[PDB]
Amino acid sequence: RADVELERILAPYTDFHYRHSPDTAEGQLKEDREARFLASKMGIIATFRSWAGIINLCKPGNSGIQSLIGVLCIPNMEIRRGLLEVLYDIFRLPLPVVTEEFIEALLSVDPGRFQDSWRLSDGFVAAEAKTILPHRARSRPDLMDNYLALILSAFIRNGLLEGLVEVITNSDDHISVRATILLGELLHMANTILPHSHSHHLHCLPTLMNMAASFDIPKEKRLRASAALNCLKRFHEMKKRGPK
Amino acid sequence: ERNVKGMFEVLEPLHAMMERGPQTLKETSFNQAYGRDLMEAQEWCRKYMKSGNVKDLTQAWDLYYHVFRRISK
Amino acid sequence: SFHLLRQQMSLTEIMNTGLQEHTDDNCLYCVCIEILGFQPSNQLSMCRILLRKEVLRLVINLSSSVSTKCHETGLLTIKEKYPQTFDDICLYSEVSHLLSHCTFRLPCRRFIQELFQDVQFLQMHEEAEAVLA
Ligand SMILES: [Zn+2]
């Protein structure tokens, strides 16, 4: 069928009160919910690796990718904190630590952070040099970049940056930090793998700059927008520093 | 009452308003969750109304009751 | 026509064939009579044509999963009162063809399949042994 069979797998996220089984034990209601969330995430990040799923979820109609972005712009701190994990592992980005300050979660996503493989017993120097030192290829295609660029373009077309901005401003701090870091990672990926026409107007961020410069809205939104811009600049500096 | 021509006119407006497309996020979520069963149930009801046979209405009512029990929780 | 008659007429009062979709093909035994020269089915002991369609309509109603306890109890009482109505293989063929074309739940399906468990089906075995040698 058209829009009712494959789009069922993202019902646990789009339906705030989702009941999968008609008759289940009333004792387990939160563990069942977490299991549903985990299975739906594992299915959603598995349909975006195939072309028949990418094309069928991003159809120009009332697709299932716009219903996934639209529920991200609703202040529900349970679905909103679970969609960010799917967005993080769709783009193969590392998750920061669960904190409320940006300067602590920015340190956990450092490309040069210590790993267990770099110990003398495991991988002393050879494994460490692989992570921090770059590959010798400067013109190889690297199909991974092709796939990530296609996915990022498909997500930007359906208004992902506006949803991320709305999550950054009108939400809690635990989720604001994670959405700011995701926005920084996506903005860095844009100016690296996207063609110039696709990424020459993304760095303007109109919906966030017009909020950080409007003195008619309440002052809390303006100040948190300015703080988000400052954190984005800090993330860009961290990215242009490099792994040490 | 064994009134099939009553339940038909009771639940036909629902299928009618459901085939004009969901317009909100709640309606889209409902169409993603329960939308598949409510189409095969209508297909079975139509197959029954074409050729009268309770063997075709029993499956439609199976689907309807499953959807009802999932909604009522 | 019987499904509407059973609404107002009870079982004990009506006591004072029934296979709808039964043909030579799609029957466990009847298919053999022409191909393998099976001897025709024997005459059972109108006293049994009624219980046949009764158990058929019961197993049909058991498919909607609306009220399974009542129909399960009815089937249990029919098995208790007349343990010989579950012996004709031309009824097991019909209920299996019905299981193969409807949506039964797993416990209801297991119960239906288990109703016909402690059965003998002696005539088919005898005819198979006769056509063998
Ligand atoms: Zn037969």
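Numbers in chain C come straight from Swiss-Prot, and the residues shown are 1479-1494, 1510-1538, 1607-1694, in order.
The backbone N, Cα and C atoms fix where each Cβ goes, and this holds for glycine too.
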Can you tell which of C:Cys1608, C:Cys1631, C:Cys1651 Swiss-Prot lists as binding Zn(2+) with C:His1515, C:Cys1520, C:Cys1523? C:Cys1651
For the recorded Zn(2+) site, enumerate neighbouring residues of the same chain (Cβ within 8 Å of the Cβ centroid of C:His1515, C:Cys1520, C:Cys1523, C:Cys1651, site residues themselves excluded), in sequence order. C:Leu1512, C:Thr1516, C:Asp1517, C:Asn1519, C:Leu1521, C:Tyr1522, C:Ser1534, C:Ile1650, C:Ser1654, C:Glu1655
Should C:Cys1520 (Zn(2+) binding site) be counted as helix, strand, or coil on the basis of DSSP? coil
Let me check the 10 A CB neighbour count of C:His1515 (Zn(2+) binding site). How many other CB atoms are there? 16
For C:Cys1520 (Zn(2+) binding site), write down the residues of its own chain that are at least 6 apart in sequence and whose Cβ falls under 8 Å from its Cβ; none is a fine answer. C:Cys1651, C:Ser1654, C:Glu1655
